[PDB]
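Listing of input-v3.cif, mmCIF, N, CA and C atoms
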```
data_start
loop_
_atom_site.group_PDB
_atom_site.id
_atom_site.type_symbol
_atom_site.label_atom_id
_atom_site.label_comp_id
_atom_site.auth_asym_id
_atom_site.auth_seq_id
_atom_site.Cartn_x
_atom_site.Cartn_y
_atom_site.Cartn_z
ATOM 1 N N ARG A 2002 -42.236 139.232 -72.273
ATOM 2 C CA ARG A 2002 -43.066 140.381 -72.611
ATOM 3 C C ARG A 2002 -44.440 140.306 -71.956
ATOM 4 N N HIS A 2003 -44.961 139.099 -71.732
ATOM 5 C CA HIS A 2003 -46.300 138.916 -71.188
ATOM 6 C C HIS A 2003 -46.296 138.632 -69.690
ATOM 7 N N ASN A 2004 -45.228 139.019 -68.987
ATOM 8 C CA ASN A 2004 -45.163 138.940 -67.525
ATOM 9 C C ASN A 2004 -45.377 137.511 -67.027
ATOM 10 N N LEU A 2005 -44.823 136.546 -67.751
ATOM 11 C CA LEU A 2005 -44.854 135.149 -67.352
ATOM 12 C C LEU A 2005 -43.457 134.694 -66.946
ATOM 13 N N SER A 2006 -43.409 133.584 -66.214
ATOM 14 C CA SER A 2006 -42.139 132.976 -65.851
ATOM 15 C C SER A 2006 -41.584 132.188 -67.037
ATOM 16 N N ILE A 2007 -40.419 131.567 -66.836
ATOM 17 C CA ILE A 2007 -39.806 130.778 -67.901
ATOM 18 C C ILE A 2007 -40.653 129.554 -68.231
ATOM 19 N N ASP A 2008 -41.430 129.058 -67.269
ATOM 20 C CA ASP A 2008 -42.265 127.883 -67.476
ATOM 21 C C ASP A 2008 -43.627 128.210 -68.073
ATOM 22 N N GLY A 2009 -43.997 129.486 -68.146
ATOM 23 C CA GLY A 2009 -45.296 129.890 -68.641
ATOM 24 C C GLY A 2009 -46.331 130.170 -67.575
ATOM 25 N N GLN A 2010 -45.989 130.005 -66.301
ATOM 26 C CA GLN A 2010 -46.929 130.298 -65.231
ATOM 27 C C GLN A 2010 -47.098 131.809 -65.075
ATOM 28 N N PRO A 2011 -48.326 132.293 -64.905
ATOM 29 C CA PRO A 2011 -48.533 133.734 -64.727
ATOM 30 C C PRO A 2011 -47.936 134.238 -63.422
ATOM 31 N N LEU A 2012 -47.592 135.526 -63.418
ATOM 32 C CA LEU A 2012 -46.931 136.166 -62.289
ATOM 33 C C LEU A 2012 -47.834 137.119 -61.515
ATOM 34 N N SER A 2013 -49.085 137.298 -61.935
ATOM 35 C CA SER A 2013 -50.001 138.229 -61.288
ATOM 36 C C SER A 2013 -51.284 137.505 -60.907
ATOM 37 N N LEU A 2014 -51.650 137.593 -59.630
ATOM 38 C CA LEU A 2014 -52.866 136.955 -59.142
ATOM 39 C C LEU A 2014 -54.088 137.722 -59.634
ATOM 40 N N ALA A 2015 -55.059 136.999 -60.192
ATOM 41 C CA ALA A 2015 -56.225 137.626 -60.791
ATOM 42 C C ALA A 2015 -57.329 137.824 -59.750
ATOM 43 N N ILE A 2016 -58.424 138.459 -60.177
ATOM 44 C CA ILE A 2016 -59.559 138.752 -59.310
ATOM 45 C C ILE A 2016 -60.826 138.711 -60.156
ATOM 46 N N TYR A 2017 -61.974 138.515 -59.496
ATOM 47 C CA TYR A 2017 -63.234 138.404 -60.220
ATOM 48 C C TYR A 2017 -64.402 139.197 -59.638
ATOM 49 N N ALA A 2018 -64.285 139.766 -58.434
ATOM 50 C CA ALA A 2018 -65.331 140.634 -57.879
ATOM 51 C C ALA A 2018 -66.662 139.882 -57.750
ATOM 52 N N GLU A 2019 -66.691 138.977 -56.760
ATOM 53 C CA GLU A 2019 -67.762 138.023 -56.465
ATOM 54 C C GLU A 2019 -69.164 138.551 -56.756
ATOM 55 N N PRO A 2020 -70.019 137.739 -57.386
ATOM 56 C CA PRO A 2020 -71.373 138.195 -57.726
ATOM 57 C C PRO A 2020 -72.177 138.585 -56.494
ATOM 58 N N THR A 2021 -73.069 139.557 -56.684
ATOM 59 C CA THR A 2021 -73.787 140.203 -55.585
ATOM 60 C C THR A 2021 -74.997 139.366 -55.187
ATOM 61 N N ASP A 2022 -74.786 138.492 -54.181
ATOM 62 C CA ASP A 2022 -75.704 137.704 -53.349
ATOM 63 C C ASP A 2022 -76.917 137.097 -54.060
ATOM 64 N N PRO A 2023 -77.745 136.304 -53.351
ATOM 65 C CA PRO A 2023 -79.038 135.905 -53.929
ATOM 66 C C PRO A 2023 -80.030 137.059 -53.950
ATOM 67 N N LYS A 2024 -81.264 136.790 -54.368
ATOM 68 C CA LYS A 2024 -82.291 137.816 -54.471
ATOM 69 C C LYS A 2024 -83.559 137.346 -53.775
ATOM 70 N N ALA A 2025 -84.228 138.271 -53.091
ATOM 71 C CA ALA A 2025 -85.478 137.992 -52.400
ATOM 72 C C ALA A 2025 -86.646 138.422 -53.279
ATOM 73 N N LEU A 2026 -87.622 137.533 -53.437
ATOM 74 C CA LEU A 2026 -88.814 137.801 -54.230
ATOM 75 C C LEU A 2026 -90.038 137.560 -53.360
ATOM 76 N N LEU A 2027 -90.931 138.544 -53.307
ATOM 77 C CA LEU A 2027 -92.086 138.503 -52.425
ATOM 78 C C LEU A 2027 -93.378 138.660 -53.214
ATOM 79 N N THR A 2028 -94.464 138.188 -52.609
ATOM 80 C CA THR A 2028 -95.808 138.328 -53.142
ATOM 81 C C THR A 2028 -96.663 139.076 -52.127
ATOM 82 N N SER A 2029 -97.741 139.688 -52.613
ATOM 83 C CA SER A 2029 -98.561 140.544 -51.771
ATOM 84 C C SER A 2029 -100.037 140.315 -52.065
ATOM 85 N N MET A 2030 -100.859 140.624 -51.068
ATOM 86 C CA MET A 2030 -102.306 140.592 -51.213
ATOM 87 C C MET A 2030 -102.789 141.824 -51.967
ATOM 88 N N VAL A 2031 -103.698 141.623 -52.915
ATOM 89 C CA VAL A 2031 -104.257 142.704 -53.716
ATOM 90 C C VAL A 2031 -105.753 142.774 -53.452
ATOM 91 N N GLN A 2032 -106.255 143.985 -53.216
ATOM 92 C CA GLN A 2032 -107.669 144.218 -52.971
ATOM 93 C C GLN A 2032 -108.217 145.195 -54.002
ATOM 94 N N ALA A 2033 -109.516 145.085 -54.273
ATOM 95 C CA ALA A 2033 -110.186 145.933 -55.247
ATOM 96 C C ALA A 2033 -111.496 146.448 -54.670
ATOM 97 N N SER A 2034 -112.042 147.474 -55.321
ATOM 98 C CA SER A 2034 -113.284 148.085 -54.865
ATOM 99 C C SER A 2034 -114.461 147.140 -55.086
ATOM 100 N N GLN A 2035 -115.296 146.987 -54.058
ATOM 101 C CA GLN A 2035 -116.452 146.104 -54.111
ATOM 102 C C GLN A 2035 -117.691 146.848 -53.637
ATOM 103 N N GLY A 2036 -118.801 146.655 -54.354
ATOM 104 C CA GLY A 2036 -120.054 147.301 -54.034
ATOM 105 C C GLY A 2036 -120.996 146.399 -53.246
ATOM 106 N N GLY A 2037 -122.173 146.951 -52.945
ATOM 107 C CA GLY A 2037 -123.192 146.250 -52.199
ATOM 108 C C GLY A 2037 -124.494 146.116 -52.974
ATOM 109 N N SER A 2038 -125.436 145.413 -52.349
ATOM 110 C CA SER A 2038 -126.744 145.168 -52.935
ATOM 111 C C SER A 2038 -127.665 146.373 -52.749
ATOM 112 N N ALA A 2039 -128.699 146.431 -53.584
ATOM 113 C CA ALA A 2039 -129.720 147.465 -53.530
ATOM 114 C C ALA A 2039 -131.018 146.899 -52.962
ATOM 115 N N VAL A 2040 -131.953 147.802 -52.664
ATOM 116 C CA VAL A 2040 -133.262 147.452 -52.122
ATOM 117 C C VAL A 2040 -134.348 147.996 -53.037
ATOM 118 N N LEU A 2041 -135.374 147.184 -53.269
ATOM 119 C CA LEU A 2041 -136.547 147.526 -54.056
ATOM 120 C C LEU A 2041 -137.721 147.863 -53.146
ATOM 121 N N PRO A 2042 -138.755 148.525 -53.670
ATOM 122 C CA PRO A 2042 -139.982 148.707 -52.883
ATOM 123 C C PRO A 2042 -140.619 147.370 -52.527
ATOM 124 N N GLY A 2043 -141.233 147.327 -51.346
ATOM 125 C CA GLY A 2043 -141.759 146.087 -50.808
ATOM 126 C C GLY A 2043 -143.231 145.853 -51.105
ATOM 127 N N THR A 2044 -143.606 144.575 -51.125
ATOM 128 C CA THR A 2044 -144.988 144.151 -51.292
ATOM 129 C C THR A 2044 -145.760 144.341 -49.984
ATOM 130 N N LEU A 2045 -147.089 144.369 -50.091
ATOM 131 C CA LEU A 2045 -147.967 144.487 -48.930
ATOM 132 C C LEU A 2045 -148.521 143.102 -48.609
ATOM 133 N N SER A 2046 -148.141 142.571 -47.451
ATOM 134 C CA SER A 2046 -148.576 141.250 -47.031
ATOM 135 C C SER A 2046 -150.053 141.247 -46.642
ATOM 136 N N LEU A 2047 -150.635 140.049 -46.633
ATOM 137 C CA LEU A 2047 -152.002 139.857 -46.166
ATOM 138 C C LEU A 2047 -152.086 139.634 -44.660
ATOM 139 N N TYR A 2048 -150.969 139.342 -44.004
ATOM 140 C CA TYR A 2048 -150.940 139.025 -42.585
ATOM 141 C C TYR A 2048 -150.409 140.203 -41.774
ATOM 142 N N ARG A 2049 -150.715 140.180 -40.478
ATOM 143 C CA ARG A 2049 -150.273 141.230 -39.575
ATOM 144 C C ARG A 2049 -148.775 141.102 -39.300
ATOM 145 N N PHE A 2050 -148.215 142.149 -38.691
ATOM 146 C CA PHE A 2050 -146.768 142.209 -38.488
ATOM 147 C C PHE A 2050 -146.218 141.053 -37.658
ATOM 148 N N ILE O 2246 -66.882 114.841 -59.270
ATOM 149 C CA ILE O 2246 -68.190 114.244 -59.020
ATOM 150 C C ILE O 2246 -68.774 114.792 -57.724
ATOM 151 N N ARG O 2247 -67.934 114.946 -56.695
ATOM 152 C CA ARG O 2247 -68.391 115.569 -55.457
ATOM 153 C C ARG O 2247 -68.799 117.018 -55.690
ATOM 154 N N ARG O 2248 -68.058 117.733 -56.542
ATOM 155 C CA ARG O 2248 -68.424 119.111 -56.856
ATOM 156 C C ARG O 2248 -69.779 119.174 -57.548
ATOM 157 N N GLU O 2249 -70.044 118.235 -58.462
ATOM 158 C CA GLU O 2249 -71.348 118.185 -59.113
ATOM 159 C C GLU O 2249 -72.459 117.944 -58.100
ATOM 160 N N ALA O 2250 -72.254 117.000 -57.176
ATOM 161 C CA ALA O 2250 -73.272 116.712 -56.170
ATOM 162 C C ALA O 2250 -73.525 117.920 -55.279
ATOM 163 N N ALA O 2251 -72.462 118.635 -54.902
ATOM 164 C CA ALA O 2251 -72.629 119.843 -54.099
ATOM 165 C C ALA O 2251 -73.394 120.911 -54.869
ATOM 166 N N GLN O 2252 -73.145 121.018 -56.177
ATOM 167 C CA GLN O 2252 -73.863 121.991 -56.996
ATOM 168 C C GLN O 2252 -75.353 121.675 -57.053
ATOM 169 N N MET O 2253 -75.706 120.395 -57.149
ATOM 170 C CA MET O 2253 -77.106 119.981 -57.165
ATOM 171 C C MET O 2253 -77.784 120.295 -55.833
ATOM 172 N N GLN O 2254 -77.003 120.272 -54.750
ATOM 173 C CA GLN O 2254 -77.542 120.640 -53.443
ATOM 174 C C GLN O 2254 -77.950 122.108 -53.408
ATOM 175 N N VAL O 2255 -77.172 122.979 -54.057
ATOM 176 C CA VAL O 2255 -77.555 124.384 -54.156
ATOM 177 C C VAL O 2255 -78.878 124.515 -54.896
ATOM 178 N N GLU O 2256 -79.027 123.783 -56.003
ATOM 179 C CA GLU O 2256 -80.289 123.784 -56.733
ATOM 180 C C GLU O 2256 -81.425 123.236 -55.878
ATOM 181 N N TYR O 2257 -81.131 122.260 -55.017
ATOM 182 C CA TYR O 2257 -82.148 121.728 -54.113
ATOM 183 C C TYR O 2257 -82.640 122.795 -53.143
ATOM 184 N N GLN O 2258 -81.720 123.587 -52.587
ATOM 185 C CA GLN O 2258 -82.111 124.650 -51.668
ATOM 186 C C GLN O 2258 -82.867 125.758 -52.388
ATOM 187 N N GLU O 2259 -82.461 126.081 -53.620
ATOM 188 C CA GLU O 2259 -83.175 127.097 -54.388
ATOM 189 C C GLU O 2259 -84.596 126.646 -54.700
ATOM 190 N N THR O 2260 -84.771 125.362 -55.018
ATOM 191 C CA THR O 2260 -86.107 124.830 -55.261
ATOM 192 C C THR O 2260 -86.967 124.921 -54.006
ATOM 193 N N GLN O 2261 -86.385 124.611 -52.843
ATOM 194 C CA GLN O 2261 -87.132 124.708 -51.593
ATOM 195 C C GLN O 2261 -87.549 126.145 -51.308
ATOM 196 N N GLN O 2262 -86.689 127.111 -51.643
ATOM 197 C CA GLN O 2262 -87.050 128.514 -51.466
ATOM 198 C C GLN O 2262 -88.242 128.892 -52.337
ATOM 199 N N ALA O 2263 -88.249 128.444 -53.594
ATOM 200 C CA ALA O 2263 -89.382 128.720 -54.470
ATOM 201 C C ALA O 2263 -90.641 127.998 -54.010
ATOM 202 N N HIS O 2264 -90.490 126.821 -53.395
ATOM 203 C CA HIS O 2264 -91.652 126.076 -52.920
ATOM 204 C C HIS O 2264 -92.380 126.827 -51.813
ATOM 205 N N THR O 2265 -91.633 127.405 -50.869
ATOM 206 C CA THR O 2265 -92.271 128.172 -49.804
ATOM 207 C C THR O 2265 -92.874 129.469 -50.331
ATOM 208 N N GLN O 2266 -92.293 130.040 -51.390
ATOM 209 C CA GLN O 2266 -92.897 131.206 -52.028
ATOM 210 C C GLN O 2266 -94.258 130.863 -52.623
ATOM 211 N N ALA O 2267 -94.360 129.710 -53.291
ATOM 212 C CA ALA O 2267 -95.629 129.294 -53.879
ATOM 213 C C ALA O 2267 -96.669 129.010 -52.803
ATOM 214 N N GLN O 2268 -96.245 128.425 -51.680
ATOM 215 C CA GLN O 2268 -97.173 128.173 -50.583
ATOM 216 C C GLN O 2268 -97.735 129.475 -50.031
ATOM 217 N N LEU O 2269 -96.876 130.481 -49.861
ATOM 218 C CA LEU O 2269 -97.312 131.747 -49.282
ATOM 219 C C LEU O 2269 -98.250 132.496 -50.223
ATOM 220 N N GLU O 2270 -97.962 132.478 -51.528
ATOM 221 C CA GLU O 2270 -98.857 133.123 -52.485
ATOM 222 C C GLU O 2270 -100.204 132.413 -52.555
ATOM 223 N N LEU O 2271 -100.200 131.079 -52.520
ATOM 224 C CA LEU O 2271 -101.459 130.340 -52.511
ATOM 225 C C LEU O 2271 -102.292 130.687 -51.284
ATOM 226 N N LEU O 2272 -101.637 130.942 -50.149
ATOM 227 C CA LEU O 2272 -102.357 131.350 -48.948
ATOM 228 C C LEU O 2272 -103.025 132.706 -49.130
ATOM 229 N N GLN O 2273 -102.450 133.571 -49.966
ATOM 230 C CA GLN O 2273 -103.004 134.898 -50.198
ATOM 231 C C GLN O 2273 -104.086 134.910 -51.269
ATOM 232 N N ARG O 2274 -104.001 134.027 -52.261
ATOM 233 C CA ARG O 2274 -105.034 133.900 -53.279
ATOM 234 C C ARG O 2274 -106.170 132.989 -52.839
ATOM 235 N N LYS O 2275 -106.075 132.430 -51.636
ATOM 236 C CA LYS O 2275 -107.141 131.625 -51.061
ATOM 237 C C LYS O 2275 -108.445 132.414 -51.016
ATOM 238 N N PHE O 2276 -109.566 131.701 -51.148
ATOM 239 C CA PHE O 2276 -110.859 132.353 -50.963
ATOM 240 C C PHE O 2276 -111.038 132.799 -49.517
ATOM 241 N N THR O 2277 -110.700 131.928 -48.569
ATOM 242 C CA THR O 2277 -110.779 132.254 -47.146
ATOM 243 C C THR O 2277 -109.443 132.823 -46.659
ATOM 244 N N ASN O 2278 -109.029 133.904 -47.311
ATOM 245 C CA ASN O 2278 -107.755 134.543 -47.014
ATOM 246 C C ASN O 2278 -107.911 135.515 -45.842
ATOM 247 N N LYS O 2279 -106.859 136.297 -45.582
ATOM 248 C CA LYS O 2279 -106.866 137.213 -44.445
ATOM 249 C C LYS O 2279 -107.921 138.303 -44.603
ATOM 250 N N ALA O 2280 -108.080 138.836 -45.817
ATOM 251 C CA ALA O 2280 -109.024 139.930 -46.024
ATOM 252 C C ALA O 2280 -110.460 139.490 -45.771
ATOM 253 N N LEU O 2281 -110.827 138.292 -46.233
ATOM 254 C CA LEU O 2281 -112.186 137.804 -46.018
ATOM 255 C C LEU O 2281 -112.481 137.635 -44.533
ATOM 256 N N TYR O 2282 -111.547 137.033 -43.792
ATOM 257 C CA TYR O 2282 -111.757 136.837 -42.361
ATOM 258 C C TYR O 2282 -111.860 138.169 -41.629
ATOM 259 N N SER O 2283 -111.008 139.135 -41.985
ATOM 260 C CA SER O 2283 -110.999 140.417 -41.284
ATOM 261 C C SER O 2283 -112.331 141.141 -41.434
ATOM 262 N N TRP O 2284 -112.904 141.131 -42.640
ATOM 263 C CA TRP O 2284 -114.165 141.830 -42.859
ATOM 264 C C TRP O 2284 -115.344 141.076 -42.258
ATOM 265 N N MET O 2285 -115.273 139.750 -42.197
ATOM 266 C CA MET O 2285 -116.373 138.962 -41.650
ATOM 267 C C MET O 2285 -116.545 139.161 -40.145
ATOM 268 N N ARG O 2286 -115.455 139.068 -39.379
ATOM 269 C CA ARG O 2286 -115.569 139.345 -37.953
ATOM 270 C C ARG O 2286 -115.681 140.833 -37.665
ATOM 271 N N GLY O 2287 -115.194 141.687 -38.566
ATOM 272 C CA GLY O 2287 -115.452 143.111 -38.423
ATOM 273 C C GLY O 2287 -116.925 143.439 -38.559
ATOM 274 N N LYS O 2288 -117.575 142.874 -39.581
ATOM 275 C CA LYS O 2288 -119.015 143.055 -39.741
ATOM 276 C C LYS O 2288 -119.782 142.440 -38.577
ATOM 277 N N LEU O 2289 -119.388 141.237 -38.153
ATOM 278 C CA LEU O 2289 -120.112 140.557 -37.084
ATOM 279 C C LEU O 2289 -119.891 141.229 -35.735
ATOM 280 N N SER O 2290 -118.713 141.822 -35.514
ATOM 281 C CA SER O 2290 -118.476 142.542 -34.266
ATOM 282 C C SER O 2290 -119.398 143.748 -34.144
ATOM 283 N N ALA O 2291 -119.588 144.485 -35.242
ATOM 284 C CA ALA O 2291 -120.518 145.608 -35.223
ATOM 285 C C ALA O 2291 -121.948 145.136 -34.991
ATOM 286 N N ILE O 2292 -122.337 144.028 -35.630
ATOM 287 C CA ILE O 2292 -123.669 143.467 -35.417
ATOM 288 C C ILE O 2292 -123.825 142.992 -33.977
ATOM 289 N N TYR O 2293 -122.799 142.326 -33.443
ATOM 290 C CA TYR O 2293 -122.849 141.854 -32.062
ATOM 291 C C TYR O 2293 -122.972 143.019 -31.088
ATOM 292 N N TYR O 2294 -122.302 144.133 -31.389
ATOM 293 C CA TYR O 2294 -122.399 145.323 -30.549
ATOM 294 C C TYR O 2294 -123.832 145.842 -30.494
#
```

Let's see the structure in the file written out as structure tokens.
Amino acid sequence: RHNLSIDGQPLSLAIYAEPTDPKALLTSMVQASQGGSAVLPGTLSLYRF
Amino acid sequence: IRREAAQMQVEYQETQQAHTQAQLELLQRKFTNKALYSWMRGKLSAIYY
């Protein structure tokens, strides 16, 4: 009834549908917004330019 | 026993793959990374001009 031989060996070859490959994992450079410095009013020196 | 040793070899190759991934990410999180160098000679090229 279970499609076996007299000895109990199966009569149908099985299958498993091989797992889908390794996986690639990557990293990336991340950048963010950056500002600059400010300028204040200047002092008056005692010496010439 | 040979099958076990071969299986450990697969784990050895997987570890090596992760090792090169960590090296590449460390190169990108470096302080003197690609972005810093690009802006430094970009700024200096304009100044040199």

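Taking atom N of residue O:2257 and atom CA of residue A:2026 as endpoints, the distance between them is 17.4 Å.
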
At most 8 Å is the cut-off: for each residue in chain O with any atom that close to an atom of chain A, write down the nearest atom pair and the distance in Å rounded to one decimal, counting all atoms listed in the file, chain first then increasing number, as a tab-separated table.
```
residue	atom	partner	partner_atom	distance
O:2266	CA	A:2026	C	7.1
O:2269	C	A:2028	CA	7.0
O:2270	CA	A:2028	CA	6.1
O:2273	CA	A:2030	CA	5.8
O:2274	N	A:2030	CA	6.9
```

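Across the structure, atom C of residue O:2259 and atom C of residue A:2024 are spaced 10.8 Å apart.
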
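Between atom CA of residue O:2278 and atom CA of residue O:2265 there is a distance of 17.0 Å.
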
Adding 6 Å on each side of the box along x, y and z that holds all listed atoms of stretch 2270-2287 of chain O, could you give its centre and edge lengths in Å to one decimal, as JSON?
```
{"center_x": -107.4, "center_y": 136.9, "center_z": -45.5, "size_x": 31.0, "size_y": 25.1, "size_z": 27.6}
```

Is there a way to complete stretch 2015-2035 of chain A with N, CA, C and O atoms and then write that out as a PDB file, in the frame of the given file?
```pdb
ATOM      1  N   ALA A2015     -55.059 136.999 -60.192  1.00  0.00           N
ATOM      2  CA  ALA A2015     -56.225 137.626 -60.791  1.00  0.00           C
ATOM      3  C   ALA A2015     -57.329 137.824 -59.750  1.00  0.00           C
ATOM      4  O   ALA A2015     -57.212 137.419 -58.592  1.00  0.00           O
ATOM      5  N   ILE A2016     -58.424 138.459 -60.177  1.00  0.00           N
ATOM      6  CA  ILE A2016     -59.559 138.752 -59.310  1.00  0.00           C
ATOM      7  C   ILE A2016     -60.826 138.711 -60.156  1.00  0.00           C
ATOM      8  O   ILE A2016     -60.780 138.835 -61.382  1.00  0.00           O
ATOM      9  N   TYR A2017     -61.974 138.515 -59.496  1.00  0.00           N
ATOM     10  CA  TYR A2017     -63.234 138.404 -60.220  1.00  0.00           C
ATOM     11  C   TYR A2017     -64.402 139.197 -59.638  1.00  0.00           C
ATOM     12  O   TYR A2017     -65.428 139.310 -60.317  1.00  0.00           O
ATOM     13  N   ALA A2018     -64.285 139.766 -58.434  1.00  0.00           N
ATOM     14  CA  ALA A2018     -65.331 140.634 -57.879  1.00  0.00           C
ATOM     15  C   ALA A2018     -66.662 139.882 -57.750  1.00  0.00           C
ATOM     16  O   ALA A2018     -67.608 140.091 -58.514  1.00  0.00           O
ATOM     17  N   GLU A2019     -66.691 138.977 -56.760  1.00  0.00           N
ATOM     18  CA  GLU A2019     -67.762 138.023 -56.465  1.00  0.00           C
ATOM     19  C   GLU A2019     -69.164 138.551 -56.756  1.00  0.00           C
ATOM     20  O   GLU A2019     -69.484 139.701 -56.422  1.00  0.00           O
ATOM     21  N   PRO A2020     -70.019 137.739 -57.386  1.00  0.00           N
ATOM     22  CA  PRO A2020     -71.373 138.195 -57.726  1.00  0.00           C
ATOM     23  C   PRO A2020     -72.177 138.585 -56.494  1.00  0.00           C
ATOM     24  O   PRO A2020     -72.004 138.032 -55.406  1.00  0.00           O
ATOM     25  N   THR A2021     -73.069 139.557 -56.684  1.00  0.00           N
ATOM     26  CA  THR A2021     -73.787 140.203 -55.585  1.00  0.00           C
ATOM     27  C   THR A2021     -74.997 139.366 -55.187  1.00  0.00           C
ATOM     28  O   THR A2021     -76.083 139.501 -55.752  1.00  0.00           O
ATOM     29  N   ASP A2022     -74.786 138.492 -54.181  1.00  0.00           N
ATOM     30  CA  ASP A2022     -75.704 137.704 -53.349  1.00  0.00           C
ATOM     31  C   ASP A2022     -76.917 137.097 -54.060  1.00  0.00           C
ATOM     32  O   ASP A2022     -77.098 137.280 -55.269  1.00  0.00           O
ATOM     33  N   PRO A2023     -77.745 136.304 -53.351  1.00  0.00           N
ATOM     34  CA  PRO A2023     -79.038 135.905 -53.929  1.00  0.00           C
ATOM     35  C   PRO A2023     -80.030 137.059 -53.950  1.00  0.00           C
ATOM     36  O   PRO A2023     -79.686 138.187 -53.585  1.00  0.00           O
ATOM     37  N   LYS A2024     -81.264 136.790 -54.368  1.00  0.00           N
ATOM     38  CA  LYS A2024     -82.291 137.816 -54.471  1.00  0.00           C
ATOM     39  C   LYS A2024     -83.559 137.346 -53.775  1.00  0.00           C
ATOM     40  O   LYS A2024     -83.921 136.168 -53.851  1.00  0.00           O
ATOM     41  N   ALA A2025     -84.228 138.271 -53.091  1.00  0.00           N
ATOM     42  CA  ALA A2025     -85.478 137.992 -52.400  1.00  0.00           C
ATOM     43  C   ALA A2025     -86.646 138.422 -53.279  1.00  0.00           C
ATOM     44  O   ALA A2025     -86.656 139.541 -53.802  1.00  0.00           O
ATOM     45  N   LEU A2026     -87.622 137.533 -53.437  1.00  0.00           N
ATOM     46  CA  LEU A2026     -88.814 137.801 -54.230  1.00  0.00           C
ATOM     47  C   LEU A2026     -90.038 137.560 -53.360  1.00  0.00           C
ATOM     48  O   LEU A2026     -90.166 136.496 -52.746  1.00  0.00           O
ATOM     49  N   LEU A2027     -90.931 138.544 -53.307  1.00  0.00           N
ATOM     50  CA  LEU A2027     -92.086 138.503 -52.425  1.00  0.00           C
ATOM     51  C   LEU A2027     -93.378 138.660 -53.214  1.00  0.00           C
ATOM     52  O   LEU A2027     -93.397 139.188 -54.329  1.00  0.00           O
ATOM     53  N   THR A2028     -94.464 138.188 -52.609  1.00  0.00           N
ATOM     54  CA  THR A2028     -95.808 138.328 -53.142  1.00  0.00           C
ATOM     55  C   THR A2028     -96.663 139.076 -52.127  1.00  0.00           C
ATOM     56  O   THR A2028     -96.360 139.103 -50.932  1.00  0.00           O
ATOM     57  N   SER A2029     -97.741 139.688 -52.613  1.00  0.00           N
ATOM     58  CA  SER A2029     -98.561 140.544 -51.771  1.00  0.00           C
ATOM     59  C   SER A2029    -100.037 140.315 -52.065  1.00  0.00           C
ATOM     60  O   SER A2029    -100.419 139.867 -53.148  1.00  0.00           O
ATOM     61  N   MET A2030    -100.859 140.624 -51.068  1.00  0.00           N
ATOM     62  CA  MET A2030    -102.306 140.592 -51.213  1.00  0.00           C
ATOM     63  C   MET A2030    -102.789 141.824 -51.967  1.00  0.00           C
ATOM     64  O   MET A2030    -102.345 142.939 -51.694  1.00  0.00           O
ATOM     65  N   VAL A2031    -103.698 141.623 -52.915  1.00  0.00           N
ATOM     66  CA  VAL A2031    -104.257 142.704 -53.716  1.00  0.00           C
ATOM     67  C   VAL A2031    -105.753 142.774 -53.452  1.00  0.00           C
ATOM     68  O   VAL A2031    -106.438 141.744 -53.455  1.00  0.00           O
ATOM     69  N   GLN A2032    -106.255 143.985 -53.216  1.00  0.00           N
ATOM     70  CA  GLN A2032    -107.669 144.218 -52.971  1.00  0.00           C
ATOM     71  C   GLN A2032    -108.217 145.195 -54.002  1.00  0.00           C
ATOM     72  O   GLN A2032    -107.484 146.031 -54.540  1.00  0.00           O
ATOM     73  N   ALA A2033    -109.516 145.085 -54.273  1.00  0.00           N
ATOM     74  CA  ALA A2033    -110.186 145.933 -55.247  1.00  0.00           C
ATOM     75  C   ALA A2033    -111.496 146.448 -54.670  1.00  0.00           C
ATOM     76  O   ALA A2033    -112.002 145.938 -53.667  1.00  0.00           O
ATOM     77  N   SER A2034    -112.042 147.474 -55.321  1.00  0.00           N
ATOM     78  CA  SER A2034    -113.284 148.085 -54.865  1.00  0.00           C
ATOM     79  C   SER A2034    -114.461 147.140 -55.086  1.00  0.00           C
ATOM     80  O   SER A2034    -114.615 146.562 -56.166  1.00  0.00           O
ATOM     81  N   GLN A2035    -115.296 146.987 -54.058  1.00  0.00           N
ATOM     82  CA  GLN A2035    -116.452 146.104 -54.111  1.00  0.00           C
ATOM     83  C   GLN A2035    -117.691 146.848 -53.637  1.00  0.00           C
ATOM     84  O   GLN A2035    -117.646 147.579 -52.642  1.00  0.00           O
TER      85      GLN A2035
END
```
